[PDB]
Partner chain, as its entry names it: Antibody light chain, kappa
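Before any questions on how it binds or moves, here is one chain, the form solved without the partner chain, in structure tokens.
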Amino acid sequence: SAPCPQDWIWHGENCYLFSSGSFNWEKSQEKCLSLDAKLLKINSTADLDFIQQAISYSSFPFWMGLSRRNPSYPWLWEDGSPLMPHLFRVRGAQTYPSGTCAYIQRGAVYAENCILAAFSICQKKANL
């Protein structure tokens, strides 16, 4: 009956977890899925503000659920929805084996080869 499990952070309709380790994007995604969760989807200004404040203590890169299959396609979340207009810019964006993915670091969002390893943030719906 708790909104979120222990060790997660409850914010609004969702629960958030920082990953215990640093892995490539696909593996990061698999680990979120194992927890009945998904990689972070930043869907509003409120979400962006919450995430930026939460990572404000860290200089680490964190994978989110935003990617593009090849440099010719737009940025989409894992659910297929596009990046919300004017929410944030993806900095630093090329062709890699498994596409390009986005991470957030110091509040700013960057494009990177999905094969490289980073920490990640997972989210799932809160029990409300």
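Heads up, when I say rigid core I mean the largest set of C-alphas that superpose within 1.5 Å between the two forms. Numbering follows the first chain given and starts at 1.
Farther on average from this form in 7 other deposited structures of this protein lies stretch 67-75, the comparison being between 27-35 and 67-75 by RMS Cα distance after core superposition.
Deposited sequence between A93 and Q94: 1 to 3 residues lack coordinates. Just going by the entry, 47-55 versus 83-91 on mean CA temperature factor gives the higher value to 83-91. Mean CA temperature factor is higher for 5-13 when stretches 5-13 and 115-123 are set side by side in the entry. Set against one another, the Cα B-factors of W63, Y73, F60, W77 in the record reach their highest point at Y73.
Ranking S67, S28, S98, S34 by Cα temperature factor from the entry places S98 first.
Note that the form deposited with the partner chain bound isn't included here; everything after this is about it.
Note on the partner interface in the deposited complex: the residue among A93, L33, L76, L87 having a heavy atom within 4.5 angstroms of the partner chain is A93. Residues of 62-83 include none with a non-hydrogen atom no more than 4.5 angstroms from the partner chain in the deposited complex.
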